[PDB]
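Here's the structure we're looking at; comments come further down.
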Amino acid sequence: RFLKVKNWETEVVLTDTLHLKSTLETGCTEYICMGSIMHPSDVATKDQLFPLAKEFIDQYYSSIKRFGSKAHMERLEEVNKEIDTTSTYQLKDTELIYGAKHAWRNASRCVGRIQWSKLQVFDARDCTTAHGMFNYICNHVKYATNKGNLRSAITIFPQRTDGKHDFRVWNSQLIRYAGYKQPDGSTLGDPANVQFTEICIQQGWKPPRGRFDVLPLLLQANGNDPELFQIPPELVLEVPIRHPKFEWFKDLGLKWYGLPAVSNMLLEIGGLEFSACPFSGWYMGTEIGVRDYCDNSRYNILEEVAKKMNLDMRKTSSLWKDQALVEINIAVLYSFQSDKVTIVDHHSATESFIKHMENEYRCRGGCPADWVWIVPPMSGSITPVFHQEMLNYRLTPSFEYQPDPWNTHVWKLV
Amino acid sequence: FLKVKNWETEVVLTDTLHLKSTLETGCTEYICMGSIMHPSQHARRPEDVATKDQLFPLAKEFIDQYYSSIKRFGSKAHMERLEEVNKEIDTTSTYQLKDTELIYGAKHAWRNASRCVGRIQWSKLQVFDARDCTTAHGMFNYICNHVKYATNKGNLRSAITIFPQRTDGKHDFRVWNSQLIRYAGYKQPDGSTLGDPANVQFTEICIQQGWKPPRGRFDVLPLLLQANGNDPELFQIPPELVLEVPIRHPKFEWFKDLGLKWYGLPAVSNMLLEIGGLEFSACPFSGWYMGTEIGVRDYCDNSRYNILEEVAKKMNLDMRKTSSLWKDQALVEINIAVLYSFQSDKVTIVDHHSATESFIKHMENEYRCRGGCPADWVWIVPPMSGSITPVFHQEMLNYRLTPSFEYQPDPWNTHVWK
Ligand code: HEM
Ligand code: HEM
Ligand SMILES: CNCc1cc(Cl)cc(-c2cc(C)cc(N)n2)c1
Ligand SMILES: CNCc1cc(Cl)cc(-c2cc(C)cc(N)n2)c1
Ligand SMILES: C[C@H](O)[C@H](O)[C@H]1CNc2nc(N)[nH]c(=O)c2N1
Ligand SMILES: C[C@H](O)[C@H](O)[C@H]1CNc2nc(N)[nH]c(=O)c2N1
Ligand SMILES: [Zn+2]
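Protein sequences, first through last, are from chains D and P. Each residue of the first sequence is one higher than the last, beginning at 12 in the numbering used here. Each residue of the second sequence is one higher than the last, beginning at 39 in the numbering used here.
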């Protein structure tokens, strides 16, 4: 079978055969679509692991044009021995690199995947303690930041065993700003991080209580209680936000960090689960300018910017929010570019994604894509992805969500 | 039961209405087709004149639903109605709706339209019964009355006009226009396009049918009307019935020199209304605009009027690189002008902030009284400034309830001319 997707702007039609490889569920049924549900739908047994491992080893040997080779058959035999004797198995370095790159390639919600094959993979599977994790993460940050010429990277800590010895980075990103609830109901800093900030403070962090305090790392090795570490400040690259035309914009006191580094997801490769796998790229400007700065639940700066713009805020139909939103996003891009910190605007990023998508259809037979996430949160229809039909399905290796660790960890101290 | 969450407010709604869904969405548990324009060809009755065992179950389902809606399930009138529909199908292979059922069906087709952000208004719909029409001249009369009623000198009123249902598929009533009022598009000698590029093909059909085009940028197209399966006929809508808004900007005095205008009445005329197995192939309906339909899509789509270049030039923006966001900046100004112009001329219009807020309220109402509200996030979220509207943060479930509005093929792809 085949499925066709059409671009209603260009009338290009692409044919998807890759969807026949789909494994896990989307969340939809034949009579209900759940495409706008954010999170739809203890550890694998010996019998469950065998076919998952085979499927992955088969796809790896096919990608390197060695399917059916003597090395392919011996790897399957070796993997089967380990599952039989140890209830798990260990990836080769080549397989780990392949798996991590393809999990990115398969991330239907990621607009930056034209870069998927250029990923630096740091193997941290020899790590045993939270101090070791800190070292690996510091090296990752320094490598990826590269004095502003950002480089994509992932660091992979030991896989889950019995579920009682998980490695976890408790932070949602490696670098984020604290949030502090005030007695009067206001919030200082980032409201999204209020709960995690409370956890850090309880664990002994002495907070500066400012608007842009970089959070400490909360690292868990081998199922033990997590431990606090301060990222060396010289490793944290930040960009002060100014505007090319409004001299008053710098007086807002805004800044942001250069390195987006997601640290709470799970990497699944051949049935193995890597619960600590922080990965990083570079920003699309709207992530900061639209969501981080203008979500009502985040820094929520629309009103202040519109005030300083002298906009008429008495009625929605003046589009004062829309006008301020654009200027904020001009400032974000101008500031990063001025400081020579890698960033991509939503027009360039979506254009490249269409190129990537078309390439993937030609060479791979498809490209799973989540329109709801791919379309940028402003100016949707003036980007080419708005007009692009997409098919969403789940391929493995994959990045997956997992519960926040504070909701499942059983503590040990005192 | 299924839950949807709003990630801004943390409001959670619980959906049970989806248990009544009738048609496939196109998705499976392994593939989601939520961004496909036409994901499914699943129809409730086959291509044309159904046999009795194909039509009667659908009729019974709808009559059951209607008599349930008025607390008369199993009543004397319900059972007589079933026997009456049974005889009509036995003797004519179809049946005729009562006026009350027709009004109920049209309002519930709107209520069930998962792509429509305007549905808080669903029960305020004026229904014009045009099922006695026999000629394209009569269709023109019905459509003119609809336009005048709905326009109401700028105080727009929602309305639908319903022409005779399909019988054998050879006697179809069709409005060939996609909307009752649209602008012509013309292929220019050098290769460019004058007017609306979306309508170039339809414009050519009209010209080929004898229409004399004034060949400007905003020429209101004639009506191309098909009655009882015959060849379609051209009619000029009386210009005094076509309300238009010249577009100006509250700050930029040069904006009016761009020479832009638009019409006030959005009137979809190419969809099919499906009620109890009956297919009404000509059912023009109209409401009022959300400003982004004109200011974002009509004006700024690359394959429509494509005016971003012009506007940004007059604003003296840096058009050298995408990262200056000159497209985004001009886009906001255009949408400010559209709203300011309609409002200045007292022509009903809603902005995307007010419309999306109203739709969230409508969802909550529907979950409270009906147990659900089918909604297509991809269509409901406006095409600019998405995440600063509340619908962006609202999870939605999409499913297909009947009665409904459906797409149908363009008639020039199927009509065998006489
Ligand atoms: C290289 C530059 C990159 C850019 C410009 C980019 C861009 C983006 C954007 C804008 C999002 C949506 C984020 C949000 O709305 O919260 C996203 C999501 C995502 N990115 Fe990429 N990304 C990049 C690199 C990467 C890398 C290196 C990886 C992994 C190795 C990755 C994996 C993901 C995943 C898994 C998601 C979706 C997470 C989910 O399902 O919630 N991205 N990306
Ligand atoms: C009263 C004011 C109304 C407003 C503000 C409104 C708003 C909208 C908007 C913005 C769209 C998306 C249009 C597009 O992107 O092409 C839409 C679609 C739609 N509307 Fe409404 N609408 C209104 C009234 C109505 C009425 C009276 C009906 C039918 C009786 C209706 C039925 C539909 C349908 C079926 C669609 C989907 C069309 C498709 O799938 O192509 N609407 N509406
Ligand atoms: C939207 N800001 C927070 C956020 C959330 C998520 Cl789920 C992913 C990313 C993300 C990840 C990578 C590797 C690059 C990039 N540009 N963004 C950022
Ligand atoms: C998007 N502009 C063209 C267009 C296309 C479609 Cl499919 C529907 C509507 C539409 C229909 C009604 C009744 C009200 C309204 N505001 N828009 C307009
Ligand atoms: C409810 C809806 O699915 C949710 O708000 C989504 C919409 N699209 C998104 N798209 C991106 N890139 N990031 C997001 O967080 C979201 N949120
Ligand atoms: C491919 C995609 O589904 C298509 O471009 C859709 C996106 N969302 C839309 N939303 C509305 N309201 N109207 C549209 O025409 C579209 N087009
Ligand atoms: Zn779906």
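Just so it is clear, CB atoms sit at the ideal spot from N, CA and C, and this is done for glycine as well.
For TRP415(P), the chain D residues whose C-beta falls within less than 8 Å of its own C-beta are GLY46, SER47 and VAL383, listed in chain order. The three-state reading of DSSP puts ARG12(D) in coil, since its state is none of H, G, I, E or B. The continuous alpha helix (DSSP H) containing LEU60(D) extends over residues 57-74. Judged by the Cβ position, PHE240(P) fails to qualify as a neighbour of ligand 5 at the 7 Å threshold, every heavy atom of the ligand being at least this far.
With a cutoff of 7 Å, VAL416(P) counts as near ligand 6, since its C-beta is closer than that to a heavy atom of the ligand. Beta bridge pairing from DSSP links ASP27(D) with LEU14(D). DSSP, read as helix, strand or coil, puts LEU406(D) in coil. Near chain D, meaning a CB-to-CB distance below 8 Å, no residue of the region 209-235 of chain P qualifies. With a cutoff of 8 Å on beta-carbon distance, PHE166(P) and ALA197(P) are scored as near each other. Contacts with chain D at 8 Å (Cβ-Cβ) do not include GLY409(P).
By the criterion of a C-beta distance shorter than 6 Å, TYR337(P) is surrounded in its chain by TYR343, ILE345 and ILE372, once the five residues flanking it on both sides are discounted. When C-beta distances to chain P are compared with 8 Å, the residues of the region 312-336 of chain D below that value are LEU313, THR327, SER328, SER329, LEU330, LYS332, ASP333, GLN334 and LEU336, in chain order. Three or more Cβ pairs closer than 8 Å define a contact, and the region 66-77 of chain D falls short of that threshold against the region 36-44 of chain D. Inclusion of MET422(P) and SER390(D) in the CB contact set at 8 Å is warranted, their separation being smaller than that value.
By the Cβ-count criterion, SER382(P) is exposed, with fewer than 16 other Cβ atoms from all chains shown falling within 10 Å of its own Cβ.
One finds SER392 in chain D with Cβ atoms closer than 7 Å to the Cβ of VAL334(P), taken in chain order. Interface criterion not met: the Cβ of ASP448(P) is under 8 Å from no Cβ in chain D. No Cβ of chain D is located within less than 8 Å of the beta carbon of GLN92(P). Contact between the region 398-412 of chain P and the region 108-120 of chain P is absent: fewer than 3 CB-CB pairs across the two stretches fall below 8 Å.
Residue-level contact by beta carbon fails for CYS154(P) and chain D, as no gap is shorter than 8 Å.
Secondary structure of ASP134(D) (DSSP, three-state): strand. Of the residues assessed, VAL50(P) falls on the exposed side of the cut-off, its CB having fewer than 16 other CB atoms within 10 angstroms.
Inter-residue distance for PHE61(D) and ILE94(D) is about 7 Å (C-alpha atoms, whole angstroms). Bridge partners of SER291(D) according to DSSP: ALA164(D) and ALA272(D).
Judged by DSSP secondary structure, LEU262(P) falls within the beta strand (DSSP E) whose first and last residues are 261-264. Per DSSP, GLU278(P) has no beta-bridge partner at all.
Under a criterion of Cβ atoms nearer than 8 Å, the residues of chain P adjacent to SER359(D) are, in order, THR360 and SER361. Here the alpha carbon of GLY200(D) sits roughly 6 Å from the alpha carbon of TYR191(D). Within chain D, no C-beta atom comes less than 7 Å from the C-beta of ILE158(P); the nearest is roughly 16 Å away. DSSP places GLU331(P) within a helical segment (H, G or I) once states are collapsed to three. Here the region 278-287 of chain D lies against the region 160-174 of chain D, with 3 or more beta-carbon pairs under 8 Å apart.
The C-alpha of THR394(D) lies about 33 Å from the C-alpha of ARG222(D). The beta-carbon of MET309(P) is placed no less than 8 Å from the nearest beta-carbon of chain D. Taking 8 Å as the threshold, the shortest C-beta distance from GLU369(D) to chain P does not fall below it. The CB of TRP45(P) comes closer than 9 Å to the CB of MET49 and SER308 in chain D, given here in chain order. Under the criterion of beta carbons closer than 8 Å, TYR68(P) and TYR404(D) qualify as touching, at roughly 6 Å.
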